[PDB]
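There is one chain below, alone, in structure tokens, taken in the form deposited in one PDB entry.
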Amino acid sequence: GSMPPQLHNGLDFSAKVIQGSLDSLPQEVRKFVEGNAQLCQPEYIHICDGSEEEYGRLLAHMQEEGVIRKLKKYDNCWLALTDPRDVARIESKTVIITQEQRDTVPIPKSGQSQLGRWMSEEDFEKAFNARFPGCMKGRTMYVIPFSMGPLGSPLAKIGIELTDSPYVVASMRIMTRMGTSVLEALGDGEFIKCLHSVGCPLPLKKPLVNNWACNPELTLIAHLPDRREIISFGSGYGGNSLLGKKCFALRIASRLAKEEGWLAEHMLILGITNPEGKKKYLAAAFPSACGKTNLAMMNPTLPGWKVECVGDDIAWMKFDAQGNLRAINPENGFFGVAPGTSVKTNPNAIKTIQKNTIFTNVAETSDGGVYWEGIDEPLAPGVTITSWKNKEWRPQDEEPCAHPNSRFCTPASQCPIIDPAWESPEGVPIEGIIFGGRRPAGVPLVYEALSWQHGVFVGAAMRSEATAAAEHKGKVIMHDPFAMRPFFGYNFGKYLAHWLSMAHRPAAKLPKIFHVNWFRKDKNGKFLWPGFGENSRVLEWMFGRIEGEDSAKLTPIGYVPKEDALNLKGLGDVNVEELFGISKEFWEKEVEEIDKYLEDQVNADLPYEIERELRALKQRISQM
């Protein structure tokens, strides 16, 4: 880009560039970098190239500074331990800016929305001015050119993230396609402007905890969709700092998708092949920490079945001219929950994460390996464990060795069952969409929606136990429509109308919609279903239903499997009557709760067809 006009020497940052060239940048990229360098006052500017050399050097530097440790048991794996105040997303500090509050959330009858958080542009400018000026003093501003989707694919969307965190740079290299090639693909094109700071200018005004820079009191993750800007301050963690993922690929993208006729969803995409040599692709929306990654790379227990992974967390979809719903995964890696991961529950993940992987907030064994709750691998006598709090830890202690939201960040290309079509610009054709969450009571193992409009109601009605993925504590059952509650880019009522509208599209081949519950519990709080690989038994039923098999019985909530329709061979001890039971009293209460939630929270923007489905389900339940 060109040198800004100067009367002095205060606007051209060329002298502070320690890698790359402001002259080589597309004009608008340069204006974005330089304007924010003027504001944030970094000491240096490093334009990332995405090279192995760059990555190696940055890791070694974080190592020197004690920001990460090398895990010597594995090939090129690393461990970061965070300040305990910065361990997950914070939904209450995540906001979208629009002219009108109703463009961002429905206006709730109760006065507090549970479907996002809006802030006026005036208020945001005040918040911004209180945070960013001078915030990178003494630090390097890294400039990360990244593509969401394969390099140079016509359906890729490019962003530039400016950050003062090398941990964000390393993680973005895994989770996106990053570097010089992306600048070359971008040329003079438009890009999403992403600005991030950990919010700790040097010299440090506040103590540094665990070598992890963050500013919890001022944390704020903001989205300005008309300006095509994402602006995040104060957290270094995951969805708060890796701006291509939740902030761009769900919140900004879901709004663009509404405008342009596609969908951006909190969905895995998997391909499943049956023993008859037929393959179908399915998408599944489960809430944060409710099973997507474990389903997307499942090792099926049924013989003759194979699952392959296209993506585990975000799907971009659209109906093509032939009417097929085609999906792509915009990410380049998996940012997976670590606890619970074992050879038994997710062996494909175990294989993926043994090299080139960054782990955050897991425990470290004395021989340089990783540990967490549920890892299910005993250690040799003499091997000791350092918890994620950087303290010696024993199996008998009060607290977990790993944070409950600790994560691995691993290249998708390393997954042994990555799908051969995972980088195809044409996407893959989705034949079924699965909704579900954590429901310990009332909701059976699987059912099928009665129609498109009923299936959109089922997504809208989703509820699920809180998890550790954000700030919600305890196990309270929360609404999480479409697994998108933290992630809607715009008014949820309009999103429902957008989903409903797909029924009217030319030649549309609408996928079958299902709802599952892996998490139903008996009287003693034990799971009624073993899950993980055994979920292949439920996918088999869904496969047959997509093919038109007569394996369904009608109930008030939708179709369920006929007696004997599910393959339960090898699971003789499963209580089918309890797992599949539908109780009038439970469901009366459930439809009353959904009615009150939709009335309060969606109100004037609730599509008539969704209200109609609510009345229809209430009626079917009343006839029980």
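A residue's number is simply how far along the shown sequence it sits, counting from 1. Think of the rigid core as the biggest set of C-alphas that the two forms share within 1.5 Å after superposition.
Another form, the form deposited in another entry, is not on view; read the next lines as being about it.
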Which residue moves between the shown form and the other one, judged by a Cα shift of 2 Å or more on the rigid core: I375, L186, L528, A449?
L528
Rigid-core frame, C-alpha of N210, shift of 2 angstroms or more between the shown form and the other one
no
Taking the rigid core as the reference frame, tell me whether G261 has a CA displacement of 2 angstroms or more between the shown form and the other one.
no
Is the shift of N356 between the shown form and the other one large enough to count as movement, that is, does its C-alpha move by 2 Å or more after the core is superposed?
no
